[PDB]
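**Student:** Residues in the sequence shown are numbered from 1 upward in steps of one, following the deposited numbering. Every residue, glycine too, gets a C-beta built ideally from N, C-alpha and C. Before I ask anything, let me first share the structure, which is written out below as structure tokens.
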Amino acid sequence: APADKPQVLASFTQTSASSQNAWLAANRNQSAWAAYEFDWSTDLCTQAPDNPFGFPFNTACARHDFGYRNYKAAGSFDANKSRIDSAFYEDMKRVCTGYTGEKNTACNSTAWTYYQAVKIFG
């Protein structure tokens, strides 16, 4: 892999909107990143808790899978897990800002439940 792989992986796995945006562009253009040999596999939100209101969290789940899978492959998962989990929460919260009133509260509650269901592991 290129010498800056660790730095690229870090840049894709921050809590900021700019990190998410960078990752989303790379996800649309995975082949442009072929040199890096990232694991692009994802189950979307199929292994997450129920989503009874149908909020669109798939891209949030996909970036969380990317952080987990790529840090595991590097041998440094434990040190990075918390940030990756937080980034997932932040990505879901960004979806929720598109709603008001009760649906805002419900979206944030679903986001919290999704986040806690990964935080239980450490």
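Looking only at its own chain, which residues have a Cβ that is under 8 angstroms from the Cβ of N108, when we skip the five neighbours before and after it?
**Tutor:** As a first step, residue 108 must be located in the sequence shown, where it is residue number 108. Around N108: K93 and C96.
**Student:** In angstroms with no decimal places, state the Cα-to-Cα distance between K103 and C61.
**Tutor:** Position 103 of the sequence shown holds residue 103. Position 61 of the sequence shown holds residue 61. Computed Cα separation, rounded: 20 angstroms.
**Student:** Between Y71, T42 and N70, which lies nearest to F57 when the distance is taken from Cα to Cα?
**Tutor:** In the sequence shown, the residue the question calls residue 57 occupies position 57. Out of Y71, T42 and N70, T42 has the C-alpha closest to the C-alpha of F57.
**Student:** DSSP three-state call for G122: helix, strand or coil?
**Tutor:** In the sequence shown, the residue the question calls residue 122 occupies position 122. Three-state DSSP puts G122 in coil, outside helix and strand.
**Student:** Whole angstroms is fine: what's the gap from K72's alpha carbon to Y99's?
**Tutor:** Here residue 72 refers to the residue found at position 72 when the sequence shown is read from its first residue. Here residue 99 refers to the residue found at position 99 when the sequence shown is read from its first residue. Roughly 35 angstroms between the two C-alpha positions.
**Student:** Specify the secondary structure class of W40 as computed by DSSP and reduced to three states.
**Tutor:** Translated into the one-based positions of the sequence shown, residue 40 becomes position 40. Reduced to three states, the DSSP call for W40 is coil.
**Student:** Within the continuous alpha helix (DSSP H) that includes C96, where are the two ends?
**Tutor:** Position 96 of the sequence shown, counting from 1, holds the residue named residue 96. That run of the alpha helix (DSSP H) goes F77 to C96.
**Student:** Could you say if the region 72-82 and the region 44-58 meet the contact criterion of at least three C-beta pairs nearer than 8 angstroms?
**Tutor:** Touching, no, given that fewer than three Cβ pairs across the two stretches are closer than 8 angstroms.
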